Protein chains: 2
Amino acid sequence: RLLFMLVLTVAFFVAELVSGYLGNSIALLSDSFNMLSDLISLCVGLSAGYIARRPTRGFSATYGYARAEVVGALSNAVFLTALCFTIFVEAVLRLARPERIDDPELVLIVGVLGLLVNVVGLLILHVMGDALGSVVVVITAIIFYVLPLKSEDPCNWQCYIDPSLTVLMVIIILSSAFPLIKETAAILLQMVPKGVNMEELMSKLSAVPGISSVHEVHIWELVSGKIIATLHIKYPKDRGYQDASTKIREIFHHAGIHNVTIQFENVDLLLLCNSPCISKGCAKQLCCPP
Amino acid sequence: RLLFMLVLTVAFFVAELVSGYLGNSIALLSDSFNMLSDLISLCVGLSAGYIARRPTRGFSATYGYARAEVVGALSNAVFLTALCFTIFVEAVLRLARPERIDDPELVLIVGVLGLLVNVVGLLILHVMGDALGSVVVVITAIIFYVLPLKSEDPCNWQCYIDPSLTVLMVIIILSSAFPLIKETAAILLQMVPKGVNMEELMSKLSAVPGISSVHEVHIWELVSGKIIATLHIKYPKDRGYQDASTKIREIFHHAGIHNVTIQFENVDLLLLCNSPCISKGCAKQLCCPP
């Protein structure tokens, strides 16, 4: 992997952040915020790589720190959403009170260099967002460069180009952050992964021969590819559960789930959980209360 | 419960966002962002209240949407952290280039009314942060009121009071968001809840009579009070596991865990999981792989 992306990205985030206030460009500020999200993503990726190749799986994190990638992805998406909210609010203000670019040359140089940085990053919608933001910065600087606006003269149409394009790229960036927010939240909400079709899976689980009932089916995803399926199963007392275990495990394997914990409970009250918490008062803090 | 806090809070968020931008006050802007986080928290609380007393727990969310409170808490904390990052960056910018307050009267009125809004919200460290943010806005407005500053006159010490206090309250707000970020991330990372002392719990689990081995102990917290403990247990084949099940469940009950799924596996190599995925290639996906 490449780690020089982190130092370059943080230095360039600082550069765009300084030049955006120095040049009075929201598009440069929006691109600086987008590269801030990019460097947060790089830090999250390095954290995931460090968690891998050196697992801990101790007494504090039972599953491990694999969920760090998803938590960091959701946090980065929410961070970028708040930054885009601030950028959109500022752009709406400048759509009412327009402002000039103080140093069009500085903004042009920083935007061109940011476009080059994003190009080399892609070389080594979500991905094209940074490139389009740098293109927007370059266009805004060029308009103030090819057709200069005198300081004494009031704001012409040129002052509205930056807020409009910045609003457009706020929309573009949000159109990528929102699906990411939805996916990472769905993973973190302990929801069934999109690949797993639960209806057919429960149909097959019920169709498994020699099994009385199936309850407390809890299928959730730790990370991409790690699907955990907790499951309680009621079986006739006289018969065993070795064949049932094999069939349920192969069904889950064919459904893409390899982490299957089956609790077998001996057998209209014969459908409830035979092994809840040892007290009747535990029914409050029991998922799927009986 | 009362939901008029939502409409009042959103209206006042709009009011402070407009007034701080019209009055050029970061402290008013910081308080508007803090009340935006407050209304996000109110929306999260309403979502949690709707999830309760009306559960769904269907084929999409096995554990339900109870984790929505934690996901919304982390999202709100990250949103507020990004807003505070923007506020701190702006304040540092004004710490270099000071600015006047355009309409001190408007900022004074909005800050006083925001303090009243916080007071009435109390009537019906985050609280100290919000109250002190309103007090900071009020103080900044008063300073520009008792000693009015003419536009012709350059910025005196008065122009640096707003950025300094705003930086201070960015620190204060972050000192509350960061513990919340840590706690909600720990919950969402599938980490052992703080109350559960895993060392003693595994000691007792091993000390349980009639049990050969214990592996795949996965203790995580869905929400406050809902602790889920998946667990694989190896037991001697000749002996049963009814007494072992009772003892393990009562141990988990005394440790504060009521959702316990125990998989009992019949018995050097007699310590590995007897029921991995049906294929040897599944070991790359085995969470906690042997």
# chains A, B, ... in the order shown; residues from 1 in each chain; ligands from 1
call {"tool": "closest_atom_pairs", "arguments": {"of": "chain B", "to": "chain A", "cutoff": "6 Å", "atoms": "only C-alpha atoms", "output": "Markdown table"}}
result
| residue | atom | partner | partner_atom | distance |
| --- | --- | --- | --- | --- |
| B:59 | CA | A:198 | CA | 5.8 |
| B:60 | CA | A:192 | CA | 5.2 |
| B:61 | CA | A:191 | CA | 4.2 |
| B:62 | CA | A:218 | CA | 5.0 |
| B:67 | CA | A:189 | CA | 5.3 |
| B:78 | CA | A:79 | CA | 5.9 |
| B:79 | CA | A:82 | CA | 5.4 |
| B:82 | CA | A:79 | CA | 5.3 |
| B:189 | CA | A:67 | CA | 5.2 |
| B:191 | CA | A:61 | CA | 4.3 |
| B:192 | CA | A:60 | CA | 5.1 |
| B:198 | CA | A:59 | CA | 5.8 |
| B:218 | CA | A:62 | CA | 5.0 |
| B:226 | CA | A:285 | CA | 5.6 |
| B:258 | CA | A:277 | CA | 5.0 |
| B:259 | CA | A:286 | CA | 5.9 |
| B:262 | CA | A:263 | CA | 5.8 |
| B:263 | CA | A:263 | CA | 5.1 |
| B:277 | CA | A:258 | CA | 5.0 |
call {"tool": "residues_around", "arguments": {"residues": "range 156-167 of chain B", "least_positions_apart": "4", "cutoff": "10 Å", "atoms": "only C-alpha atoms", "output": "ChimeraX atom specification"}}
result
/B:24-31,84-85,87-101,132-133,136-137,139-141,143-144,147-149,171-173
call {"tool": "write_last_selection", "arguments": {"atoms": "C-alpha atoms", "output": "mmCIF file, in the first residue's frame"}}
result
data_model
loop_
_atom_site.group_PDB
_atom_site.id
_atom_site.type_symbol
_atom_site.label_atom_id
_atom_site.label_comp_id
_atom_site.auth_asym_id
_atom_site.auth_seq_id
_atom_site.Cartn_x
_atom_site.Cartn_y
_atom_site.Cartn_z
ATOM 1 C CA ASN B 24 -21.374 38.515 12.088
ATOM 2 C CA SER B 25 -21.215 36.547 15.349
ATOM 3 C CA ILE B 26 -19.465 33.181 15.491
ATOM 4 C CA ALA B 27 -20.776 32.607 19.011
ATOM 5 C CA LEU B 28 -24.313 33.003 17.688
ATOM 6 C CA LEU B 29 -23.356 30.709 14.804
ATOM 7 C CA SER B 30 -21.804 28.241 17.250
ATOM 8 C CA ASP B 31 -24.979 28.278 19.352
ATOM 9 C CA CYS B 84 -17.376 22.770 15.738
ATOM 10 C CA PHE B 85 -14.416 22.195 13.423
ATOM 11 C CA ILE B 87 -16.600 27.153 13.867
ATOM 12 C CA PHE B 88 -13.070 26.797 15.257
ATOM 13 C CA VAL B 89 -11.524 27.329 11.819
ATOM 14 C CA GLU B 90 -13.652 30.440 11.326
ATOM 15 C CA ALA B 91 -12.744 31.746 14.789
ATOM 16 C CA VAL B 92 -9.032 31.235 14.107
ATOM 17 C CA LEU B 93 -9.572 33.145 10.862
ATOM 18 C CA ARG B 94 -11.164 36.020 12.801
ATOM 19 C CA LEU B 95 -8.400 35.772 15.400
ATOM 20 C CA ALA B 96 -6.136 36.958 12.553
ATOM 21 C CA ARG B 97 -8.607 39.281 10.788
ATOM 22 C CA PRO B 98 -11.016 40.708 13.393
ATOM 23 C CA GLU B 99 -14.512 41.808 12.410
ATOM 24 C CA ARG B 100 -17.211 43.983 13.966
ATOM 25 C CA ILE B 101 -20.735 42.979 14.937
ATOM 26 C CA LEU B 132 -22.774 29.033 28.357
ATOM 27 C CA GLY B 133 -23.054 29.417 24.586
ATOM 28 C CA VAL B 136 -21.261 33.975 25.492
ATOM 29 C CA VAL B 137 -23.488 35.412 22.765
ATOM 30 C CA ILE B 139 -21.733 38.885 26.667
ATOM 31 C CA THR B 140 -20.330 39.535 23.192
ATOM 32 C CA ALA B 141 -23.410 41.587 22.320
ATOM 33 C CA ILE B 143 -19.583 44.473 25.123
ATOM 34 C CA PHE B 144 -20.401 45.951 21.715
ATOM 35 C CA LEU B 147 -18.904 50.621 24.308
ATOM 36 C CA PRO B 148 -20.167 51.061 20.730
ATOM 37 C CA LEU B 149 -17.450 50.787 18.086
ATOM 38 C CA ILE B 171 -13.405 23.254 23.289
ATOM 39 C CA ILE B 172 -16.267 22.905 25.788
ATOM 40 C CA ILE B 173 -18.643 21.349 23.240
#
call {"tool": "calpha_fit_and_write", "arguments": {"fixed": "chain A", "moving": "chain B", "output": "mmCIF file with C-alpha atoms, in the first residue's frame"}}
result
data_model
loop_
_atom_site.group_PDB
_atom_site.id
_atom_site.type_symbol
_atom_site.label_atom_id
_atom_site.label_comp_id
_atom_site.auth_asym_id
_atom_site.auth_seq_id
_atom_site.Cartn_x
_atom_site.Cartn_y
_atom_site.Cartn_z
ATOM 1 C CA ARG B 1 0.431 -0.040 -0.300
ATOM 2 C CA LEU B 2 1.329 3.663 -0.297
ATOM 3 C CA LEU B 3 0.907 5.950 2.718
ATOM 4 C CA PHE B 4 2.362 9.116 1.158
ATOM 5 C CA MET B 5 -1.244 9.873 0.221
ATOM 6 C CA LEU B 6 -1.849 10.730 3.880
ATOM 7 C CA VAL B 7 0.912 13.341 4.213
ATOM 8 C CA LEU B 8 0.219 14.813 0.770
ATOM 9 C CA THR B 9 -3.517 14.898 1.473
ATOM 10 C CA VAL B 10 -3.176 16.589 4.873
ATOM 11 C CA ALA B 11 -0.703 19.140 3.500
ATOM 12 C CA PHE B 12 -3.045 19.864 0.595
ATOM 13 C CA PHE B 13 -6.066 20.072 2.891
ATOM 14 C CA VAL B 14 -4.193 22.752 4.825
ATOM 15 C CA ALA B 15 -3.203 24.440 1.554
ATOM 16 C CA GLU B 16 -6.757 24.561 0.178
ATOM 17 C CA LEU B 17 -8.221 25.588 3.537
ATOM 18 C CA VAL B 18 -5.783 28.505 3.719
ATOM 19 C CA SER B 19 -6.115 29.497 0.056
ATOM 20 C CA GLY B 20 -9.906 29.329 -0.202
ATOM 21 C CA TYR B 21 -10.157 31.541 2.871
ATOM 22 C CA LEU B 22 -7.471 33.870 1.498
ATOM 23 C CA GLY B 23 -9.081 33.857 -1.951
ATOM 24 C CA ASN B 24 -12.668 33.912 -0.655
ATOM 25 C CA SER B 25 -13.638 30.802 -2.635
ATOM 26 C CA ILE B 26 -16.300 28.432 -1.329
ATOM 27 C CA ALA B 27 -15.480 25.939 -4.077
ATOM 28 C CA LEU B 28 -11.893 25.848 -2.833
ATOM 29 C CA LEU B 29 -13.261 25.543 0.706
ATOM 30 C CA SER B 30 -15.644 22.800 -0.423
ATOM 31 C CA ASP B 31 -12.763 20.929 -2.066
ATOM 32 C CA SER B 32 -10.668 21.349 1.084
ATOM 33 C CA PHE B 33 -13.505 19.828 3.114
ATOM 34 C CA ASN B 34 -13.864 16.991 0.601
ATOM 35 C CA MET B 35 -10.134 16.251 0.825
ATOM 36 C CA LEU B 36 -10.445 16.402 4.609
ATOM 37 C CA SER B 37 -13.043 13.650 4.284
ATOM 38 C CA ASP B 38 -10.630 11.887 1.918
ATOM 39 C CA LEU B 39 -7.812 11.980 4.475
ATOM 40 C CA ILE B 40 -10.220 10.770 7.161
ATOM 41 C CA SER B 41 -11.013 7.876 4.818
ATOM 42 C CA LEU B 42 -7.279 7.246 4.363
ATOM 43 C CA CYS B 43 -6.803 7.160 8.139
ATOM 44 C CA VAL B 44 -9.731 4.740 8.437
ATOM 45 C CA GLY B 45 -8.200 2.541 5.742
ATOM 46 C CA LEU B 46 -4.835 2.536 7.506
ATOM 47 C CA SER B 47 -6.579 1.620 10.762
ATOM 48 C CA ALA B 48 -8.347 -1.253 8.993
ATOM 49 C CA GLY B 49 -5.067 -2.436 7.486
ATOM 50 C CA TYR B 50 -3.451 -2.356 10.923
ATOM 51 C CA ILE B 51 -6.380 -4.293 12.414
ATOM 52 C CA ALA B 52 -5.928 -6.900 9.700
ATOM 53 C CA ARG B 53 -2.745 -9.007 9.765
ATOM 54 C CA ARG B 54 -2.483 -8.053 13.472
ATOM 55 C CA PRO B 55 -5.754 -8.998 15.203
ATOM 56 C CA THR B 56 -6.329 -8.472 18.916
ATOM 57 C CA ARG B 57 -9.876 -9.754 19.671
ATOM 58 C CA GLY B 58 -9.318 -9.649 23.430
ATOM 59 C CA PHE B 59 -11.594 -9.346 26.455
ATOM 60 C CA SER B 60 -12.672 -5.842 25.345
ATOM 61 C CA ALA B 61 -13.640 -6.455 21.692
ATOM 62 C CA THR B 62 -14.980 -9.979 21.217
ATOM 63 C CA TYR B 63 -15.608 -9.608 17.477
ATOM 64 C CA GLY B 64 -12.426 -7.551 17.230
ATOM 65 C CA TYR B 65 -12.013 -4.117 15.719
ATOM 66 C CA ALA B 66 -13.096 -5.160 12.217
ATOM 67 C CA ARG B 67 -16.161 -2.905 12.541
ATOM 68 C CA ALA B 68 -13.752 0.050 12.685
ATOM 69 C CA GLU B 69 -13.920 0.391 8.900
ATOM 70 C CA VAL B 70 -17.724 0.682 8.971
ATOM 71 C CA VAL B 71 -17.788 3.003 11.990
ATOM 72 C CA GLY B 72 -15.147 5.209 10.378
ATOM 73 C CA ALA B 73 -17.045 5.188 7.088
ATOM 74 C CA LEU B 74 -20.240 6.349 8.804
ATOM 75 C CA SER B 75 -18.323 8.937 10.839
ATOM 76 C CA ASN B 76 -16.534 10.243 7.742
ATOM 77 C CA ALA B 77 -19.789 10.426 5.790
ATOM 78 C CA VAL B 78 -21.509 12.331 8.612
ATOM 79 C CA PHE B 79 -18.486 14.627 8.967
ATOM 80 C CA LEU B 80 -18.581 15.364 5.240
ATOM 81 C CA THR B 81 -22.352 15.871 5.397
ATOM 82 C CA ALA B 82 -21.954 18.478 8.144
ATOM 83 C CA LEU B 83 -19.136 20.173 6.223
ATOM 84 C CA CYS B 84 -21.351 20.218 3.123
ATOM 85 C CA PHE B 85 -24.170 21.675 5.218
ATOM 86 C CA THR B 86 -21.855 24.503 6.282
ATOM 87 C CA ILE B 87 -20.671 24.978 2.689
ATOM 88 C CA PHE B 88 -24.245 25.070 1.368
ATOM 89 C CA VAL B 89 -25.307 27.559 4.046
ATOM 90 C CA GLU B 90 -22.332 29.768 3.196
ATOM 91 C CA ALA B 91 -23.075 29.523 -0.534
ATOM 92 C CA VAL B 92 -26.713 30.497 0.033
ATOM 93 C CA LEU B 93 -25.398 33.439 2.054
ATOM 94 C CA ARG B 94 -23.185 34.482 -0.874
ATOM 95 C CA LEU B 95 -26.086 33.879 -3.256
ATOM 96 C CA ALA B 96 -27.686 36.851 -1.456
ATOM 97 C CA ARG B 97 -24.520 38.890 -0.793
ATOM 98 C CA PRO B 98 -22.000 38.173 -3.579
ATOM 99 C CA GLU B 99 -18.272 38.526 -2.966
ATOM 100 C CA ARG B 100 -15.179 38.835 -5.150
ATOM 101 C CA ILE B 101 -12.185 36.515 -5.286
ATOM 102 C CA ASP B 102 -9.305 38.318 -3.579
ATOM 103 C CA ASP B 103 -6.470 36.385 -5.279
ATOM 104 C CA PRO B 104 -7.668 34.593 -8.443
ATOM 105 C CA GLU B 105 -4.099 33.522 -9.247
ATOM 106 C CA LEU B 106 -3.715 31.701 -5.926
ATOM 107 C CA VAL B 107 -7.085 29.959 -6.311
ATOM 108 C CA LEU B 108 -6.179 28.947 -9.869
ATOM 109 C CA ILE B 109 -2.841 27.470 -8.786
ATOM 110 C CA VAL B 110 -4.349 25.627 -5.817
ATOM 111 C CA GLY B 111 -7.235 24.256 -7.880
ATOM 112 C CA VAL B 112 -4.933 23.069 -10.664
ATOM 113 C CA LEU B 113 -2.616 21.417 -8.149
ATOM 114 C CA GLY B 114 -5.600 19.812 -6.411
ATOM 115 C CA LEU B 115 -6.780 18.378 -9.715
ATOM 116 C CA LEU B 116 -3.246 17.057 -10.224
ATOM 117 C CA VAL B 117 -3.350 15.554 -6.717
ATOM 118 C CA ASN B 118 -6.597 13.767 -7.560
ATOM 119 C CA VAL B 119 -5.074 12.578 -10.850
ATOM 120 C CA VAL B 120 -1.985 11.141 -9.142
ATOM 121 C CA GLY B 121 -4.199 9.574 -6.482
ATOM 122 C CA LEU B 122 -6.013 7.859 -9.333
ATOM 123 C CA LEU B 123 -2.624 6.807 -10.731
ATOM 124 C CA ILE B 124 -1.561 5.088 -7.503
ATOM 125 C CA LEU B 125 -18.909 8.626 -7.858
ATOM 126 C CA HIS B 126 -16.611 10.036 -5.176
ATOM 127 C CA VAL B 127 -13.811 10.247 -7.748
ATOM 128 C CA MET B 128 -16.033 12.232 -10.107
ATOM 129 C CA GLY B 129 -17.034 14.476 -7.211
ATOM 130 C CA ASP B 130 -13.449 15.285 -6.229
ATOM 131 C CA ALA B 131 -12.319 15.812 -9.824
ATOM 132 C CA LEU B 132 -15.315 18.036 -10.530
ATOM 133 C CA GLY B 133 -14.655 20.022 -7.356
ATOM 134 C CA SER B 134 -11.144 20.781 -8.544
ATOM 135 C CA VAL B 135 -12.536 21.609 -12.003
ATOM 136 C CA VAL B 136 -15.101 23.941 -10.400
ATOM 137 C CA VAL B 137 -12.354 25.754 -8.494
ATOM 138 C CA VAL B 138 -10.315 26.056 -11.695
ATOM 139 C CA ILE B 139 -13.304 27.367 -13.677
ATOM 140 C CA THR B 140 -14.192 29.930 -11.011
ATOM 141 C CA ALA B 141 -10.591 31.149 -10.967
ATOM 142 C CA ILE B 142 -10.403 31.340 -14.778
ATOM 143 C CA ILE B 143 -13.606 33.386 -15.059
ATOM 144 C CA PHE B 144 -12.140 35.961 -12.674
ATOM 145 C CA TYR B 145 -8.903 35.833 -14.722
ATOM 146 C CA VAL B 146 -10.076 36.265 -18.330
ATOM 147 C CA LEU B 147 -12.397 39.107 -17.236
ATOM 148 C CA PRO B 148 -10.797 40.762 -14.188
ATOM 149 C CA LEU B 149 -13.271 42.551 -11.923
ATOM 150 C CA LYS B 150 -12.189 45.806 -10.296
ATOM 151 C CA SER B 151 -12.935 46.376 -6.618
ATOM 152 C CA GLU B 152 -14.702 49.654 -7.422
ATOM 153 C CA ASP B 153 -17.015 47.933 -9.898
ATOM 154 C CA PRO B 154 -19.935 46.108 -8.234
ATOM 155 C CA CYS B 155 -20.406 42.359 -8.460
ATOM 156 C CA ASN B 156 -21.387 41.272 -11.959
ATOM 157 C CA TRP B 157 -22.587 37.798 -12.943
ATOM 158 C CA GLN B 158 -19.089 36.511 -12.131
ATOM 159 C CA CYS B 159 -19.673 36.735 -8.369
ATOM 160 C CA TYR B 160 -22.606 34.289 -8.575
ATOM 161 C CA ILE B 161 -20.700 31.574 -10.464
ATOM 162 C CA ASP B 162 -18.804 30.346 -7.398
ATOM 163 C CA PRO B 163 -21.829 29.932 -5.055
ATOM 164 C CA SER B 164 -23.916 28.253 -7.771
ATOM 165 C CA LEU B 165 -21.286 25.683 -8.732
ATOM 166 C CA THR B 166 -20.464 25.174 -5.053
ATOM 167 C CA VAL B 167 -24.134 24.426 -4.318
ATOM 168 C CA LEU B 168 -24.135 22.028 -7.265
ATOM 169 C CA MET B 169 -21.130 20.167 -5.888
ATOM 170 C CA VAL B 170 -22.655 20.126 -2.415
ATOM 171 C CA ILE B 171 -25.559 18.289 -4.060
ATOM 172 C CA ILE B 172 -23.118 16.002 -5.897
ATOM 173 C CA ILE B 173 -21.118 15.185 -2.753
ATOM 174 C CA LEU B 174 -24.285 14.550 -0.755
ATOM 175 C CA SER B 175 -25.564 12.243 -3.510
ATOM 176 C CA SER B 176 -22.552 10.023 -2.702
ATOM 177 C CA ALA B 177 -22.451 10.494 1.073
ATOM 178 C CA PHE B 178 -26.139 9.643 1.568
ATOM 179 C CA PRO B 179 -25.934 6.110 0.064
ATOM 180 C CA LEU B 180 -22.795 5.537 2.138
ATOM 181 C CA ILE B 181 -24.582 6.805 5.255
ATOM 182 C CA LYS B 182 -27.503 4.474 4.545
ATOM 183 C CA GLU B 183 -25.303 1.424 3.944
ATOM 184 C CA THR B 184 -23.034 1.936 6.959
ATOM 185 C CA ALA B 185 -26.005 2.746 9.201
ATOM 186 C CA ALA B 186 -27.782 -0.404 8.006
ATOM 187 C CA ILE B 187 -24.672 -2.408 8.875
ATOM 188 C CA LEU B 188 -24.360 -0.689 12.268
ATOM 189 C CA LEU B 189 -28.094 -1.016 13.054
ATOM 190 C CA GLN B 190 -27.790 -4.827 13.260
ATOM 191 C CA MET B 191 -29.858 -5.238 10.106
ATOM 192 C CA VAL B 192 -29.912 -8.232 7.764
ATOM 193 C CA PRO B 193 -27.318 -7.835 4.980
ATOM 194 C CA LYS B 194 -28.742 -6.961 1.573
ATOM 195 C CA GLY B 195 -27.443 -10.109 -0.107
ATOM 196 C CA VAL B 196 -29.162 -12.374 2.416
ATOM 197 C CA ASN B 197 -32.785 -13.021 1.414
ATOM 198 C CA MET B 198 -34.320 -13.799 4.786
ATOM 199 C CA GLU B 199 -37.695 -14.966 3.460
ATOM 200 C CA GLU B 200 -36.303 -17.924 1.514
ATOM 201 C CA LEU B 201 -33.799 -18.630 4.293
ATOM 202 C CA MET B 202 -36.524 -18.990 6.934
ATOM 203 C CA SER B 203 -38.589 -21.021 4.470
ATOM 204 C CA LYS B 204 -35.712 -23.489 4.089
ATOM 205 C CA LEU B 205 -35.012 -23.441 7.839
ATOM 206 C CA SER B 206 -38.623 -24.390 8.563
ATOM 207 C CA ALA B 207 -38.480 -26.998 5.781
ATOM 208 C CA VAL B 208 -35.444 -28.610 7.470
ATOM 209 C CA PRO B 209 -36.619 -32.106 8.487
ATOM 210 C CA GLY B 210 -36.743 -33.137 12.123
ATOM 211 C CA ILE B 211 -37.019 -29.596 13.520
ATOM 212 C CA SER B 212 -40.045 -28.443 15.503
ATOM 213 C CA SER B 213 -39.662 -24.660 15.520
ATOM 214 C CA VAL B 214 -37.210 -21.861 14.762
ATOM 215 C CA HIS B 215 -37.031 -18.591 16.703
ATOM 216 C CA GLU B 216 -34.540 -15.926 17.770
ATOM 217 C CA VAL B 217 -33.035 -15.737 14.284
ATOM 218 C CA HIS B 218 -30.598 -12.825 14.527
ATOM 219 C CA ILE B 219 -28.654 -12.258 11.301
ATOM 220 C CA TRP B 220 -26.352 -9.241 11.216
ATOM 221 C CA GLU B 221 -23.178 -8.222 9.404
ATOM 222 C CA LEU B 222 -19.932 -7.371 11.177
ATOM 223 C CA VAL B 223 -18.094 -6.212 8.046
ATOM 224 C CA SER B 224 -18.234 -6.905 4.324
ATOM 225 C CA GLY B 225 -18.398 -10.689 4.040
ATOM 226 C CA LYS B 226 -18.531 -11.395 7.793
ATOM 227 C CA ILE B 227 -22.189 -12.198 8.457
ATOM 228 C CA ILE B 228 -23.056 -13.440 11.955
ATOM 229 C CA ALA B 229 -26.238 -15.492 12.387
ATOM 230 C CA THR B 230 -27.407 -16.277 15.911
ATOM 231 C CA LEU B 231 -30.295 -18.718 15.937
ATOM 232 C CA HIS B 232 -32.413 -20.690 18.407
ATOM 233 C CA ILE B 233 -33.945 -23.950 17.197
ATOM 234 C CA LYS B 234 -36.486 -26.270 18.804
ATOM 235 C CA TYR B 235 -36.012 -29.969 18.132
ATOM 236 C CA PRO B 236 -37.967 -33.052 19.257
ATOM 237 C CA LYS B 237 -36.472 -34.391 22.474
ATOM 238 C CA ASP B 238 -36.346 -38.040 21.377
ATOM 239 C CA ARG B 239 -34.492 -37.218 18.162
ATOM 240 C CA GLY B 240 -31.006 -35.737 18.050
ATOM 241 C CA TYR B 241 -29.844 -32.596 16.288
ATOM 242 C CA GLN B 242 -26.655 -33.652 14.465
ATOM 243 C CA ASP B 243 -28.330 -33.980 11.061
ATOM 244 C CA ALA B 244 -30.365 -30.842 11.753
ATOM 245 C CA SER B 245 -27.173 -28.972 12.656
ATOM 246 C CA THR B 246 -25.506 -30.120 9.439
ATOM 247 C CA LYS B 247 -28.493 -29.138 7.287
ATOM 248 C CA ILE B 248 -28.942 -25.724 8.916
ATOM 249 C CA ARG B 249 -25.222 -24.992 8.647
ATOM 250 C CA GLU B 250 -25.077 -25.968 4.973
ATOM 251 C CA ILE B 251 -28.190 -23.870 4.275
ATOM 252 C CA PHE B 252 -26.525 -20.883 5.936
ATOM 253 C CA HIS B 253 -23.316 -21.616 4.015
ATOM 254 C CA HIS B 254 -25.222 -21.583 0.722
ATOM 255 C CA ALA B 255 -26.901 -18.343 1.828
ATOM 256 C CA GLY B 256 -23.471 -16.786 2.400
ATOM 257 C CA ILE B 257 -23.363 -17.029 6.209
ATOM 258 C CA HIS B 258 -20.526 -18.953 7.861
ATOM 259 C CA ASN B 259 -20.756 -17.741 11.485
ATOM 260 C CA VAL B 260 -23.801 -19.663 12.721
ATOM 261 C CA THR B 261 -24.552 -20.290 16.404
ATOM 262 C CA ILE B 262 -27.443 -22.726 16.823
ATOM 263 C CA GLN B 263 -28.982 -23.267 20.249
ATOM 264 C CA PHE B 264 -31.088 -26.434 20.278
ATOM 265 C CA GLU B 265 -34.020 -26.373 22.704
ATOM 266 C CA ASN B 266 -35.870 -29.555 23.634
ATOM 267 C CA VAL B 267 -39.595 -29.874 23.008
ATOM 268 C CA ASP B 268 -49.389 -23.389 21.616
ATOM 269 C CA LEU B 269 -46.776 -22.925 24.346
ATOM 270 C CA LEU B 270 -44.313 -25.303 22.640
ATOM 271 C CA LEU B 271 -43.169 -22.442 20.398
ATOM 272 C CA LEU B 272 -41.747 -20.011 22.973
ATOM 273 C CA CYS B 273 -38.096 -19.835 23.953
ATOM 274 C CA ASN B 274 -37.301 -22.641 26.381
ATOM 275 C CA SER B 275 -34.216 -20.796 27.694
ATOM 276 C CA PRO B 276 -34.895 -17.140 28.497
ATOM 277 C CA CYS B 277 -33.036 -15.437 31.332
ATOM 278 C CA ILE B 278 -33.376 -17.380 34.566
ATOM 279 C CA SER B 279 -35.980 -14.934 35.924
ATOM 280 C CA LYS B 280 -39.406 -13.949 34.638
ATOM 281 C CA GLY B 281 -38.494 -10.305 35.233
ATOM 282 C CA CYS B 282 -35.748 -10.623 32.616
ATOM 283 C CA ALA B 283 -38.430 -10.535 29.900
ATOM 284 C CA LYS B 284 -38.250 -6.732 29.827
ATOM 285 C CA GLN B 285 -34.651 -7.102 28.601
ATOM 286 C CA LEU B 286 -35.327 -10.021 26.282
ATOM 287 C CA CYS B 287 -34.394 -8.750 22.792
ATOM 288 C CA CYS B 288 -37.125 -10.045 20.426
ATOM 289 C CA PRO B 289 -39.147 -10.730 23.664
ATOM 290 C CA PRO B 290 -42.065 -13.247 23.374
#
call {"tool": "select_by_dssp", "arguments": {"residues": "range 115-229 of chain B", "states": "strand (DSSP E or B)", "output": "PDB file with C-alpha atoms, in the first residue's frame"}}
result
ATOM      1  CA  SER B 213     -13.951 -25.871  26.931  1.00  0.00           C
ATOM      2  CA  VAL B 214     -15.415 -22.461  26.121  1.00  0.00           C
ATOM      3  CA  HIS B 215     -14.771 -20.573  22.880  1.00  0.00           C
ATOM      4  CA  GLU B 216     -16.444 -18.109  20.518  1.00  0.00           C
ATOM      5  CA  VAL B 217     -17.569 -15.897  23.397  1.00  0.00           C
ATOM      6  CA  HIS B 218     -19.059 -12.861  21.653  1.00  0.00           C
ATOM      7  CA  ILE B 219     -20.511 -10.324  24.095  1.00  0.00           C
ATOM      8  CA  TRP B 220     -21.817  -7.088  22.601  1.00  0.00           C
ATOM      9  CA  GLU B 221     -24.413  -4.469  23.493  1.00  0.00           C
ATOM     10  CA  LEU B 222     -27.389  -3.630  21.291  1.00  0.00           C
ATOM     11  CA  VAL B 223     -28.574  -0.673  23.383  1.00  0.00           C
ATOM     12  CA  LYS B 226     -29.655  -5.020  26.039  1.00  0.00           C
ATOM     13  CA  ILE B 227     -26.450  -7.068  26.097  1.00  0.00           C
ATOM     14  CA  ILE B 228     -26.242  -9.981  23.647  1.00  0.00           C
ATOM     15  CA  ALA B 229     -23.840 -12.827  24.452  1.00  0.00           C
TER      16      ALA B 229
END
call {"tool": "select_by_dssp", "arguments": {"residues": "range 44-184 of chain A", "states": "alpha helix (DSSP H)", "output": "number ranges by chain"}}
result
A: 44-51, 68-94, 104-123, 126-146, 161-184
